[PDB]
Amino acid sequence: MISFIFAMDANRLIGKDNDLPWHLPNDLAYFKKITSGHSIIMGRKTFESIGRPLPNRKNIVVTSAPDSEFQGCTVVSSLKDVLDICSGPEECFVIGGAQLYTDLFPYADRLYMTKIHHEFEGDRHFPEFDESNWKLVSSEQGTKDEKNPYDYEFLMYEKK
């Protein structure tokens, strides 16, 4: 099973200069809660943006690099390998970046979208998709506080 998790702004922005466009600590805490217990699948630039493997998850990096360059991870060279690893009932989380979200979109079963109601500047976007193909299963407004000073919400869609 393939689930996506991502945070995007009102213009579908996810990144700028190989980095996040904002700081939203409660959303990162949510990401940790959701992805705990699961293999996480990421592109090489997303791994480097994170900087070190995330704890308590199998970190799978899609890259042409040798395995030796990402020893704290499991390297695969093709998304075919991702589908083989992820086939069946056990849930993989695809954690970006734009290239994986776009190319793996037809194979996603679930979308865990943090929607930030703001427009930032940047250079990487989540792919357009027709929301009419999806059911909104859950929605929760994110805490707006001093550390998390946006209007944001945690949405989960499941494919029809």
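Residue numbers run from 1 along the displayed sequence.
- Judged by mean Cα B factor in the deposited record, 143-151 ranks above the other of 143-151 and 13-21.
- According to the PDB record, 126-134 carries the higher mean C-alpha B-factor of the two stretches 126-134 and 38-46.
- Annotation for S68, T114, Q99, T63: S68 ranks highest, by Cα B-factor.
- Remark: of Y107, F120, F93, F31, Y107 shows the highest value [criterion: C-alpha B-factor in the PDB entry].
- Among the modelled residues of the chain, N59 sits in the lowest third by CA temperature factor in this PDB entry.
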